[PDB]
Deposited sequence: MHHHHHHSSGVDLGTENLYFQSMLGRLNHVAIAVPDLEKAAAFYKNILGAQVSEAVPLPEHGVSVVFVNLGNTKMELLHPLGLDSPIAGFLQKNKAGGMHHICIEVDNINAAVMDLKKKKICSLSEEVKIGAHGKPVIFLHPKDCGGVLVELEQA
């Protein structure tokens, strides 16, 4: 098998500051500072849960991919999960061979990623990232 550990769960939030402060000051999580990533059109806050991370996303730019998501879910909502694969290239070829959204691109962690359409995943947008 090529599948690995869950890298992160992504949450689109309508306010980055108040979302990060909730997990930090209400739930007592270890929370990072807001990191702007213009090449991906989001600002990210990393919530470290020990075994995995939570990514709080906020749009950065008008053509941001998650800008439309927050327009349908104005209060926020779960966006996608990220599972690691030992090799992104053999994975896509095994998925293409298995006749299974994204046309391989460098992800928000500097590693190549792809996104699977939620229809084939049970309703959840699944991002596969090179381990």
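Which segments of the deposited sequence lack C-alpha coordinates in the modelled structure, numbering from residue 1?
Comparing the full sequence with the modelled residues, the uncovered ranges come out as 1-21, 122-123, 127.
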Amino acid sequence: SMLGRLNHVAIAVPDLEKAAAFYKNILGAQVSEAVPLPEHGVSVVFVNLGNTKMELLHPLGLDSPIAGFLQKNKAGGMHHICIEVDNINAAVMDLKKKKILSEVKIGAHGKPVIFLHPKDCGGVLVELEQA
From here on, numbers count along this sequence of modelled residues.
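Looking at the entry, does 41-49 or 54-62 show the higher mean C-alpha B-factor?
Stretch with the higher mean C-alpha B-factor: 54-62.
Averaged over C-alpha atoms, is the B-factor higher for 10-18 or for 109-117 in this PDB entry?
Averaging CA B-factors over each stretch, the winner is 109-117.
Quick one: which of 93, 29, 34, 83 has the biggest Cα B-factor according to the entry?
Each of 93, 29, 34, 83 was compared by C-alpha B-factor; the highest is 93.
C-alpha B factor of residue 124, ranked within the chain: lowest, middle or highest third?
CA B-factor rank for residue 124: highest third.
Sorting the chain's CA B-factors, does residue 131 end up in the lowest, middle or highest third?
Within its chain, residue 131 is a highest-third residue by C-alpha B-factor, going by the deposited values.
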